[PDB]
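Student: Experimental structure and its sequence below.
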Amino acid sequence: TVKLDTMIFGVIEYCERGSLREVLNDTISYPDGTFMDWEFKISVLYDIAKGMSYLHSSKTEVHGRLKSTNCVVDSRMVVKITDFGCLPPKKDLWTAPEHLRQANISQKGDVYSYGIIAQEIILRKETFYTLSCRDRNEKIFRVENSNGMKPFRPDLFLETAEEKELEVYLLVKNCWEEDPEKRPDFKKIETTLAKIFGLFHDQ
Amino acid sequence: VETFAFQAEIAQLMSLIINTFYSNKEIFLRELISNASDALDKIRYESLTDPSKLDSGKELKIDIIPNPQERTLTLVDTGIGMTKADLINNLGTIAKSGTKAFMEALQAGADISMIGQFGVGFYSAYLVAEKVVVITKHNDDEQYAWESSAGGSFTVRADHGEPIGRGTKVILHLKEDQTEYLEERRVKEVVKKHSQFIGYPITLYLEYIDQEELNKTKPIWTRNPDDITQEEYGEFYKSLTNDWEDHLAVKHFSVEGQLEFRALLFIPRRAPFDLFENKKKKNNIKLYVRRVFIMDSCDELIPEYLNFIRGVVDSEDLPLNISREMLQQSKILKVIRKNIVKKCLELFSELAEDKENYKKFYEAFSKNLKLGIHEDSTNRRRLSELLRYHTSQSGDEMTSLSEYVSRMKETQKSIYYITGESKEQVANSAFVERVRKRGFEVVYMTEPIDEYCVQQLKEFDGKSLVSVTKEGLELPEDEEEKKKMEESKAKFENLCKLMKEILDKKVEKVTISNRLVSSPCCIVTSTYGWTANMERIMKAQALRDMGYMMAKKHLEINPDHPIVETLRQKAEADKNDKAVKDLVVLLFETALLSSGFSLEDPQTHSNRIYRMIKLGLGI
Amino acid sequence: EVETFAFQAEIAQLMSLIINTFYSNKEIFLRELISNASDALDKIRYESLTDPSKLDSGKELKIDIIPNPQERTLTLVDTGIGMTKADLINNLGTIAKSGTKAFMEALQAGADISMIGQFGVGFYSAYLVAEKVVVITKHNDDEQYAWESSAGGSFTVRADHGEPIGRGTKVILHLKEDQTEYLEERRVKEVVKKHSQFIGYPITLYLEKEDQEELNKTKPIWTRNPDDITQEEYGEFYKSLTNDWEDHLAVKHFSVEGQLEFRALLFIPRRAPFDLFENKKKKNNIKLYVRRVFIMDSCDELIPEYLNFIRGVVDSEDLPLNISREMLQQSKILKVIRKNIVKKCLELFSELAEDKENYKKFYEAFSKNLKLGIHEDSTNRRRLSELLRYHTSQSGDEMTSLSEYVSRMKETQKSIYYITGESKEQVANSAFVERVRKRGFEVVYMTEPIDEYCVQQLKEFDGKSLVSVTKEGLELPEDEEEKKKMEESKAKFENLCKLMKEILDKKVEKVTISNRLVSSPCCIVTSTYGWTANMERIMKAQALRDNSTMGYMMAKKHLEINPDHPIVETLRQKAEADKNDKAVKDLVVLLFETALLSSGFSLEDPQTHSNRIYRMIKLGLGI
Amino acid sequence: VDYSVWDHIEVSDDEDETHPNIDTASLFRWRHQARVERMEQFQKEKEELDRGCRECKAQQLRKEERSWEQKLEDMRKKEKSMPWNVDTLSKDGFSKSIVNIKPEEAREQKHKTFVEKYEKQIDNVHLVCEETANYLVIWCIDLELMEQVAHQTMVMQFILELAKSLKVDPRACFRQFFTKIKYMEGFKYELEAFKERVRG
Ligand SMILES: Nc1ncnc2c1ncn2[C@@H]1O[C@H](COP(=O)(O)OP(=O)(O)OP(=O)(O)O)[C@@H](O)[C@H]1O
Ligand SMILES: Nc1ncnc2c1ncn2[C@@H]1O[C@H](COP(=O)(O)OP(=O)(O)OP(=O)(O)O)[C@@H](O)[C@H]1O
């Protein structure tokens, strides 16, 4: 006379955040005040780093569309790098000048896109925000001059108040050079991120 | 520098073979019958070229005889036999088989197939015995006797007395602690479990003498179609599934190539009672090679959501193990799944071309179909096509989603729906006034598992979907309507805020909606979040829990009733009247109860209604 | 006449069988050699125990592994005892002749060593991944010797190669063409992380230049006497054994000597995992060790299902295990261990039962698992009953056990009471308890579905029965004055009962009057057998099964009316005045509808109720 | 004797790659697309290698032809070095399907024949009917061994009542009662009630 319980189907984690960009807008979904810290940023960058490191090992090591609105965060505090987006002339600040010059999305575009998304996620501001101008067409036009004689990068000149991630700032400076040759591999990034996460985890 | 040959001690290998090679006890019978079987088809092949080979006997039978008073077991078969040369080296050598030599000398084409490629089968019989004796007669050699007792020395001799025609008689002495293998139930169970698909009859003797047969069913999938008929399929299904009802769907499958196999798949009529109750280890699909039972208990063989289909798969060659229970390099076992599921799914299409039989099929297997369309992350698109659902403007029947899309109105880019608890609830609910006023269609949702599927089914042939119980529905209007209600917001502005202080929290934003023509108010849920059914279903799961996903709430108000304009006039009169307070809280209570959401404390509502009715009563 | 010969064996097919069709994976080949070095190390130590003069040929006893990808070679260098010409031409060159067993048997009567391996057919597993094998050996007497083979059918023995060596044995493996995946750095620690962690000799690993990671740091402690252990060492061993960052909660040391000797360490966790009931991976939280080697894990017939959080290890020796080194034949022996393990787990729980806030945390963590264990097992109810705690009404916030409630009973009643609801506020103020509250009795609460699951199978406690406050047949011991009061009440209200039956019926079996309401007009009660309202609500939603015939024979209700309120008196006087009016119909349907709403069931349609109250308010506002 | 052809196969995707950072729905498509483009590029490579020698076909030309011949040798070498897919191990041989569409006296027969044969005999619930139960009760009333025959009568009569409650044929509705009996107080109460009914 007992139903004999059993057959728990669990549950999928409820889908919610869909762009990793709309999270950076509303305090209702996630407060923008004192809730802002550094352990969240190092954690999310760490998950992106390990995901990219695993992805780049296999035969599908080339992604081609490194884009934050592609990245998704669920409600288990986990991050996924999906396809989502599913010839494309779709110009954006997020593409590397190596595409705008001739062709052939490759490693260097992935490194450049990683740099710009890291910038956008640390500073918490608009896409490629510059205090000098706020119109999109001249943003694209200046990008068209990125192969000129002076670089034009996201605003991370100076002032720290934090020290700490001085290494990570060295990486983000490394990602912003016209020459695509010297750009580092994933190894230094993931090692430094793992060491910082461990320093923040043993406490 | 010197070169030396390889050595191998014999004595310790003898105990190595009989102690740590197998794990159970019910396999020596299978080994012995397999040996008798290969002898049988050996002499059978020898017959077609020489009839005189069968002068010493025209019948091919295998029999087993127990005897309790001597505690002895006897196996009798008529086959090829041995000569003196065979007995000395073929049997007395560890890890050597005459089958391979015979088939290599027979390198003139393949017409028959036999088993045995290792050469340690015989000594397994020594697991539960002390003395083994073999009596052998050959077509051109005299009667010979062989005896052994696992000591390192074996005995051969010329025996006299009790002449036989030809063949082999094997007599096994038994232990004292293995008496249990001398009864009818155990031998019947073992023989029906392990070796019940051999192309020769097997009998058994119990002592008035008795005559009976342990297996009298023939293999079926070895004959080509265009000869088999429906009645044979029905009889085979009845024999295999030990039931009384017939089958519903049959399919035959055959492949080729380096990996070759044959398959039969069956779909039944009525649903089994203990289907998802599990507990019992799955025993649906069996695997065989050359008609001996190898593996069962499907683990990666077939997906979990198709655990209702019986069938049989036969192979020809496979990398087996020293002990024949497992399969080396299990990855190959995966591949067959890709060749099975697909093909099986094909059947589901062919059944759809006739009307009523598909209703009969759906009525019991809807739940399996829903679990499949949920879990199958790759073939979701194919599975989503063959669903059948209720709808508003039909009768009592169900239609297909494509038929639904075939009648879009003119400027309609979305498909609406609604989930609930029963038909009569969503039939006259408070959300379905304007969508029927303008003239459109709705799809009703009624099962607890159904609400999972819609959670994953977001798109269908270029059109998205929205839920009628979410904030921000968009449907077409015309310019007079738009000017009319935007000037309507310019009237309740003060009203738009007053509820805010009365109900403080547990309300976020209040606006004037356009979905109500016969009800004043309703409660709407946010976009990112759940519905009420989601909350109650989660509260139904008892083995789980966290939290923190509860969606926000919104409240709606209608501009047509006289009640709301009376509230407006009383509110603009003053802000210090308790009449507006109590009627607003009562309206909120009834509105929140009217939309499926659970209550908080029924005592307040009961007391309020009691006071109302008592005051109306006259006291 | 008769003859008696001896058996004979073929060589080529035997070798092919022993290489190509015996194992279920290809990672074993490292494990075999790593194991087969330590035994020789032990022989060195034991032989040196008596002769000090063997201290002048070497003081280091280790094992080193060197890979090489320019030349595609692997080297395993050990400092073992080695062999001479006779053993090299005798022991290694033949199948199934183990020197370990001979060495063990030759010396006895008070020895202490358990060398790994008795079959003698293990070394050839080196041919699983490679193409040529070579062994360099110099034991203690003559020059070094080399042995080269390729599993062809003839091996080669060679004299000194001119390499100056002190002692030990080197095994050099020539890797195949495609198996270079066994050369990069990751899989080395991945493989050695699982099998051969607990071995009593240090292990190093060389990679490059500008010594490195030693893949062993933790000497196992279960081999020691559990009488001078301390908390800190036990804690750091806990931290080493599993990946976490918190200290332990409680531990238990277990040892049985007799027909079967076996020892065990068991831990309870601290934070409950978030996937304790997630599918797949089964019950796996326990590892099986024999002779300091891992065999297998995640076998269901080891621990009862309702225990999926205890973490530890059980180790023993002298067990019958098969060739593949992945299971244990004669499964009968495996069944005996659980009957002791579960008893020791219950003993640990009972000992923990003496602590206050540790038990608070433990209960808050695993209430559901404890109650599932209560429901499932049919043998340990008497013991698992004492570990349950509940809410009450006389203590409030703080918890209580059934023993305290038994200890402070009133001296007249012979029953225990309970009530199952949705949350605390649902039943803290409901209409089902007023008379009990007035008298001064104690009613226990219940607020989780697993409590609902476990309450059905429970039958009594210390000889007292459990009765519901939501079922027909509830009485309190009172004086017969109240009895004749109800008597003349029945004699005074029968026609009202008939009317309440004949109003619309089809929903109520009978209408009765009892003493459980003092501040409410009407209430709903269930029958002596069948499901409750909460039962229907919980079982109507979860899972996939759908057949309500059972509920069709576990669902029936009765209505109760309190004949004290003024409203009942008014409706009754209008009733006996006349019964053909419509106002009586309106009032009775309203009362029944609000009773159904307050009972706990689900209304078949709230729209009609909403329309009724809306009409009432419309008339009240005078529109 | 030897098994070496079954050591290198590739799975499109099954379960064995689940690093909790990548989405399975995207990884699956990525792997499948990678395999198909690899197939296509090797396909064009064989066409190029073929066309080389084919258009090649004096001593220099012979040397070129030999060099492309060795190139084809290398191509077969790499082909033999390529792993097995899921799309080269099998082909179809034949298939077919069948829909399986279906196209007082009985009471008297099932009474007399079944009652006679089962009275001689005394699978039951599979074959016996209400008249068989009536004659079993008749045998019991002739009797009043006792307890066991009464027990079987209550057991199969309860099976018939369960079938009536479920409104289904008891011919395939007998395993559920046993799997539920493997309630006891109610069964004993009904047992004694039926015992006092038949004895009275
Ligand atoms: N009853 C029998 N009749 C004829 N030949 C037999 C019989 N029993 C054994 N043999 C002979 O014994 C040899 C096979 O012995 P063994 O059973 O050890 O090997 P196997 O055939 O590879 O085993 P298995 O088929 O059980 O895997 C063959 O030469 C076969 O002819
Ligand atoms: N490097 C070595 N140094 C010394 N003795 C060795 C060495 N390798 C093997 N032996 C010895 O040679 C014999 C061959 O052992 P083999 O590997 O065949 O089987 P085993 O020892 O029974 O099993 P296992 O390898 O599982 O321990 C044993 O007596 C073993 O102790």
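Tutor: Cool, the structure landed. Residues are numbered from 1 along each chain as shown, chains lettered A, B, ... in the order given. Ligands and ions are numbered 1, 2, ... in the order given.
Student: how far away is the closest residue to ligand 1 within chain D from residue C:499?
Tutor: When Cβ to the nearest ligand atom is the measure, chain D has its nearest residue to ligand 1 at residue D:1, with 12.0 Å between them. Placement of C-beta: from N, CA and C, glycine included. To residue C:499, residue D:1 is 94 Å away according to Cβ to Cβ, to the nearest Å.
Student: which one of those two has more residues nearby?
Tutor: Taking other Cβ atoms under 10 Å in any protein chain shown, residue D:1 and residue C:499 do not tie; residue C:499 has more neighbours (17 against 11).
Student: Show me what from chain D comes close to chain A.
Tutor: Where chain D comes near chain A, counting by Cβ under 8 Å from any Cβ of the partner chain, the residues are D:19-23, D:25-27, D:29-31, D:34, D:38, D:183.
Student: hmm, I was thinking of the stretch 501-619 of chain B
Tutor: In this structure, the stretch 501-619 of chain B approaches chain A at residues B:528, B:530, B:538, B:541, B:542, B:543, B:544, B:549, B:552, judged by Cβ under 8 Å from any Cβ.
Student: Among those, which one lies nearest to residue A:78?
Tutor: Minimum distance to residue A:78 across these is 15.2 Å, recorded for residue B:549 (Cβ to Cβ).
Student: For chain A, which segments count as strands?
Tutor: When assigned using DSSP state E, the strands of chain A occupy the ranges A:71-73, A:79-81.
Student: and the first one, does that touch chain B?
Tutor: Right, the one you point to is strand A:71-73. No - applying Cβ under 8 Å from any Cβ, one finds strand A:71-73 out of contact with chain B, separated by at least 12.4 Å.
Student: Off-centre distance for that strand?
Tutor: 10 Å (Cα atoms, centre = their mean, to the nearest Å).
Student: In its sheet, which strands sit next to it, and in what direction?
Tutor: Based on DSSP bridges, the strands next to strand A:71-73 in the sheet, each with its direction, are strand A:79-81 (antiparallel).
Student: Can you give the contact residues for the strand it pairs with?
Tutor: Under the criterion Cβ atoms under 8 Å, 6 or more residues apart in numbering or on different chains, residues A:20, A:44, A:47-48, A:51-52, A:55, A:63, A:70-74, D:21-23, D:26 lie in contact with strand A:79-81.
Student: From the chain's centroid, how far away is that strand?
Tutor: Using Cα atoms, centre = their mean, the distance from the centre of strand A:79-81 to the centre of the chain it belongs to is 11 Å.
Student: Count the residues that sit near the closest residue to residue A:22 other than its chain neighbours.
Tutor: Leaving aside its chain neighbours, residue A:22 sits nearest to residue A:29 (7.6 Å; criterion: Cβ to Cβ, 6 or more residues apart in numbering or on different chains). Under the neighbour criterion other Cβ under 10 Å, residue A:29 is assigned a count of 12.
Student: Quick check: residue A:29 vs residue B:554, distance?
Tutor: 16 Å.
Student: again with residue D:88
Tutor: From residue D:88 to residue B:554 the distance is 58 Å (Cβ to Cβ).
Student: ok so, going back, residue contacts, the residue nearest to residue A:22?
Tutor: The neighbourhood of residue A:29, defined by Cβ under 8 Å, 6+ apart, consists of A:17, A:22, A:23, B:528.
Student: Recalculate using a threshold of 10 Å.
Tutor: The contact partners of residue A:29, taken as Cβ atoms under 10 Å, 6 or more residues apart in numbering or on different chains, are A:16, A:17, A:22, A:23, B:528.
Student: Over to residue B:292?
Tutor: With contacts defined as Cβ under 10 Å, 6+ apart, residue B:292 is in contact with B:30, B:33, B:34, B:37, B:115, B:194, B:195, B:196, B:197, B:198, B:324.
Student: so which of the residues you listed comes closest to residue D:103?
Tutor: Minimum distance to residue D:103 across the contacts of residue B:292 is 32.7 Å, recorded for residue B:197 (Cβ to Cβ).
Student: Show me which residues of the stretch 301-450 of chain B are close to chain D?
Tutor: The stretch 301-450 of chain B comes close to chain D at residues B:318-320, B:328-329, B:331-332, B:334-339, B:343, B:346-347, B:350-351, B:353-354, B:357, B:377-378, B:380, as judged by Cβ under 10 Å from any Cβ of the partner chain.
Student: Mark which of these are part of helices, please.
Tutor: Under the assignment DSSP state H, those contribute B:331-332, B:334-339, B:343, B:346-347, B:350, B:357, B:380 to helices.
Student: Serialize those residues to a markdown table and add fields for distance to chain C.
Tutor: As requested, those are exported to a markdown table (distance: Cβ to the nearest Cβ, whole Å):
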| residue | distance to chain C |
| --- | --- |
| B:331 | 12 |
| B:332 | 14 |
| B:334 | 16 |
| B:335 | 19 |
| B:336 | 19 |
| B:337 | 17 |
| B:338 | 21 |
| B:339 | 24 |
| B:343 | 27 |
| B:346 | 26 |
| B:347 | 23 |
| B:350 | 27 |
| B:357 | 22 |
| B:380 | 20 |
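Student: rewinding a little: can you tell me which of the strands of chain A is packed in deepest?
Tutor: For the strands of chain A, the stretch with the most neighbours on average is strand A:79-81, a mean of 22; neighbours defined as mean count of other Cβ atoms under 10 Å in any protein chain shown.
Student: which pair in the residues of chain D next to chain A spans the largest distance?
Tutor: D:38 and D:183 (62.7 Å).
Student: Please say which of those two ends up with more neighbours.
Tutor: When neighbours are counted by other Cβ under 10 Å, residue D:38 comes out ahead of the other of residue D:38 and residue D:183, with 13 against 9.
Student: The closest residue to chain A within chain D - nearest residue in space that isn't next to it in sequence?
Tutor: For chain D, the residue positioned closest to chain A under Cβ to the nearest Cβ is residue D:21, at a distance of 3.2 Å. Among residues not flanking residue D:21 along the chain, residue A:51 sits closest, at 3.2 Å (Cβ to Cβ, 6+ apart).
Student: isn't that neighbour right up against residue D:22?
Tutor: Yes - between residue A:51 and residue D:22 there is a contact at 5.9 Å, judged by Cβ atoms under 10 Å.
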